[PDB]
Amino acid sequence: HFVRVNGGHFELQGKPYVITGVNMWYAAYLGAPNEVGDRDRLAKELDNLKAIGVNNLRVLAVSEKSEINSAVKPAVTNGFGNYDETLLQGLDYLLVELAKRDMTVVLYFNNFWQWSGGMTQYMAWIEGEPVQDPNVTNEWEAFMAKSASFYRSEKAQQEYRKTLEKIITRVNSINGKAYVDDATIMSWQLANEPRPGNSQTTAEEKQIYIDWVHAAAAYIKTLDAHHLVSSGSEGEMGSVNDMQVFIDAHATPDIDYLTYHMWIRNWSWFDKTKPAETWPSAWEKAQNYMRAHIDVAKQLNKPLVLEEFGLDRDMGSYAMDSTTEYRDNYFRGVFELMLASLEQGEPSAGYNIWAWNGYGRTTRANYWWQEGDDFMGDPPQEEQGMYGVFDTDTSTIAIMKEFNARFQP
């Protein structure tokens, strides 16, 4: 019983399936059997998530070893081809745990950004030069150009396909299931937020990006003809603000469904220090972004998942006891509009909040993750508490539970 696509919606055993999800990048890490893992916590997190109506996690499948202090440590890939089999047993365990609970997972295999190593880490290994952490340089245009250089590197593509092959052809070491046979996996996903480059991307670079999405999705389908494939794109914003790049990249049959993300604070629509003043304008831009991507989903006749979206705590606090009124009202507005869209038969096929902190805790004064600290939905490139929902965020969890039930057929 795999998750399938039929037009603008997902089906499971021929019944509509709607994604009522969270991002939990570290869920497979939690499954590791060694000191990196926390299997007791993983079971408790999944129990709590299931109790609040979550059916789907979006999870990082692979990381690349990094020496920067904005990235997960340890890594799955300790230089090209040097995979940590003990950490892969954590993915095996996560898949067993999700199956017990009738939850699914979307697994992404790379990262535009630095927090799992990702595309810039590929390039650093190839060139024998260290990664420039954009949290240190504040040189984001240069970072995005460097990350997109990955698509043009034949060596990087060979290693990336090596990595896709290593996971897709895996046998679950616990239950013996081939990954290609495991219905717990909803989708393979090319990367987290792949973009074509920076704001100065050329027409040739846009075409390289489009061709990369097509060829990578085709390659996965050679290994696995039946799991869904998605890109992990943010949408228009992840397409150098060119909706035609989004359309062209995702028009291939091998992309089964569409993704979009929304980052109203990172995109400068919302100012976390002036929330009352900036929310009205930010909400106008968000509702327009949602309609623009629902309209593209109708044109391509594919489901659309808002698989990553979040908002700061009130006044940008990282503290657990800070209020989340702006986040909660944003989530309400998104869920109201998306539920209306689903009622009207449009390809709105659900969501994954960014992100789930659950029982994870920091005791770092500066909220900055260090190796050995609890993993949170906020990865190591962001303060622990920036975007994640803690178990104690009662107001937010009530909204999630309410709408998770309303979105279920």
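Residue indices: 1-based, along the sequence shown.
- Item | 140 to 148 versus 90 to 98 - which carries the larger mean C-alpha B factor in the record | 140 to 148 has the higher mean C-alpha B-factor.
- Query: So 105 to 113 or 77 to 85, which one's hotter by mean CA B-factor in the entry?
  - Reply: Looking at the record's C-alpha B-factors, the answer is 77 to 85.
- Query: Per the entry, which of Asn34, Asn352, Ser63, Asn55 tops the list for Cα B factor?
  - Reply: By C-alpha B-factor in the record, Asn34 ranks first.
- Based on the PDB record, which member of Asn135, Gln189, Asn301, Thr184 exhibits the highest Cα temperature factor? Each of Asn135, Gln189, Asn301, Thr184 was compared by C-alpha B-factor; the highest is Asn135.
- Item | Record-listed C-alpha B factor of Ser348: chain third | Middle third.
- Message: Where does the C-alpha B-factor of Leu342 rank in its chain, lowest, middle or highest third?
- Response: As the PDB entry reports it, the C-alpha B-factor of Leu342 lands in the highest third of its chain.
- Task: For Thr392, return the chain-relative third of its C-alpha B-factor as stated in the PDB record: lowest, middle or highest.
- Result: As the PDB entry reports it, the C-alpha B-factor of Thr392 lands in the middle third of its chain.
- Give the position of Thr323 by CA B-factor within its chain, expressed as the lowest, middle or highest third. Its C-alpha B-factor belongs to the middle third of this chain's values.
- Message: Could you place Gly235 in the lowest, middle or highest third of its chain by Cα temperature factor, using the values in the record?
- Response: Its C-alpha B-factor, which the entry lists for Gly235, ranks in the lowest third among residues of this chain.
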